[PDB]
Amino acid sequence: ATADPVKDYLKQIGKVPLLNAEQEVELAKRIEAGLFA
DNA sequence: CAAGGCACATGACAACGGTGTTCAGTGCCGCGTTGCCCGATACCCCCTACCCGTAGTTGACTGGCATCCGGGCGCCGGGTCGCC
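In the entry's author numbering, the protein residues as written are 210 to 246.
#1: Let's see if you can read the secondary structure: which residues bound the alpha helix (DSSP H) around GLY243?
#2: Please go through the same chain and pick out, in chain order, the residues whose beta-carbon is closer than 8 Å to the beta-carbon of residue 161, but skip the five residues on each side of it.
#3: Got a sec, what are the start and stop residues for the alpha helix (DSSP H) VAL215 sits in?
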């Protein structure tokens, strides 16, 4: 919580795992699995 | 000389004269009110032209922005970490 809220938003993005090909195709596979569920 | 007879006029008698008034009827000219006739005007319809909202567009493309000082000036007031 500081001034210039865009900076705090950027930190809120933080460090998250960027997705390579197989990672995201598996994610979409389980996405459609949950959709069918 | 007195009584009885005839003329003219006379107390009323209605009805004309002429003119003024009566109900009434109907108009005769003045003032105001009325049905027409149209004409325009609001108000339904149909047609399409155009404004405005929604939904797609697949090489890849993964963290920015320029701040800010030459007030100036002082106080309040609170926070804030050293201090022993």
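Heads up, the beta-carbon is just placed ideally off N, CA and C, and yes, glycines get one too.
Let's see:
#1: 230–245
#2: The requested residue 161 is not part of the displayed model; the chain covers only 210 to 246.
#3: 214–222
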